[PDB]
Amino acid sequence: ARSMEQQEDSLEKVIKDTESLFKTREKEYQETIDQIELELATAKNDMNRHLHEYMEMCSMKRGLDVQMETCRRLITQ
């Protein structure tokens, strides 16, 4: 039989098959990485939303703060 033909054609197939699985498992890793980095970017935006929502409440209550302080200056005397 053509021994070298069989050994070579089989060696080329396992190299082709392992490389195909090599690239596939790398893509699946990047997909899970992109999944976490996206989920972290959304939790990070939800946190700044929670911050700006409180900072906006403080910015709106300033009018009442000034009036309440002005009133206590007239009473504590």
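Start at 1 and count along the sequence shown; that's the residue number.
Comparing 68 to 76 with 2 to 10, the one whose average Cα B-factor in the PDB entry is higher: That would be 68 to 76.
Among the chain's modelled residues, which third holds the C-alpha B-factor of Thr42? For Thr42, whose C-alpha B-factor we compare with every modelled residue in the chain, the answer is the highest third.
Going by the recorded CA B-factors, say which third of the chain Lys61 sits in, lowest, middle or highest. Lowest third of the chain for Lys61's C-alpha B-factor.
Sorting the chain's modelled residues by C-alpha B-factor, tell me whether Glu31 ends up in the lowest, middle or highest third. It belongs to the highest third of the chain when residues are ordered by C-alpha B-factor.
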